[PDB]
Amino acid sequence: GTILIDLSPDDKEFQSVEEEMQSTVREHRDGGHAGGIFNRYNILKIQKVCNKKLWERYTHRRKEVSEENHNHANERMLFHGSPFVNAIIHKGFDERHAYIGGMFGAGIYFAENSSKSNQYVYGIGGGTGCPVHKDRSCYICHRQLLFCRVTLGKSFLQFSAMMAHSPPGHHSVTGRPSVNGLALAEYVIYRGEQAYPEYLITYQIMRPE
């Protein structure tokens, strides 16, 4: 029951999502190995993901978390990159979309930095890059990221150089960077119902001039 609605580039909603995508690019400690070498994107399309059942699944869980946390869902908008983007938008997040080997355990991982999520669009470590050219830094092939509504609730703070259950008494984990002063936070949820894939963003990475 998913439909995708194209946003016009003239729409304020398109512009605000594009700005979050572009403004949260950073350099990565791998020199571009996983996600490619780029400072910005060419945004090709932004689509709203509409699914009544998945939205109601999300809001139901959000209310449960809010009620366990002094009426505070602690809702964020965060990026997610995955080879399973097309499954996620149709069936929702679940255990199959977890990063089993993630540093905060087997859960579903999200980033404040769009460029962090870009490292996972072709798999863990960028896999073998794009299917057409086998290039993790492909400037031709179209990539997709999700910009997701995520319920964190009470989040367990992990200081770090950067499914399972949430730590007891918590609804998520926050990976705070403790080495790279430019990195933004990363977050992990352990219930697929705590995220909704609100925007599907189609883009290319751009070769630096």
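For every residue, the number given is its place in the sequence shown, counted from 1. The term rigid core refers to the maximal set of C-alpha atoms that superpose within 1.5 Å between the two forms.
- Superposing each structure in 9 other deposited structures of this protein on the rigid core shows that the farther-lying of 108-116 and 93-101, by root-mean-square Cα distance, is 93-101.
- Between 169-177 and 52-60, the larger root mean square Cα shift in 9 other deposited structures of this protein, once each structure is superposed on the rigid core, falls on 169-177.
- For the cut-off of one third of the other compared entries, residue 160 qualifies: that many or more give it no coordinates while modelling its flanks.
- According to the PDB entry, the deposited sequence contains 1 to 3 residues between residue 162 and residue 163 that lack coordinates.
- When 90-98 is weighed against 77-85, 90-98 comes out higher, by mean CA B-factor as recorded in the entry.
- Taking only CA atoms, the mean B-factor in the PDB entry is higher for 177-185 than for the other of 147-155 and 177-185.
- Note on the listed residues 26, 171, 53, 62: the highest Cα temperature factor in the record is that of 53.
- In this PDB entry, residue 8 carries a Cα temperature factor that places it within the highest third of its chain's modelled residues.
- When the modelled residues of the chain are ordered by their C-alpha B factor, residue 72 lands in the lowest third.
- The deposited CA B-factor of residue 136 belongs to the middle third of values across its chain.
- In the deposited entry, the Cα temperature factor of residue 110 sits in the bottom third of values across the chain's modelled residues.
- Sort the modelled residues of the chain by CA B factor and residue 122 lands in the middle third.
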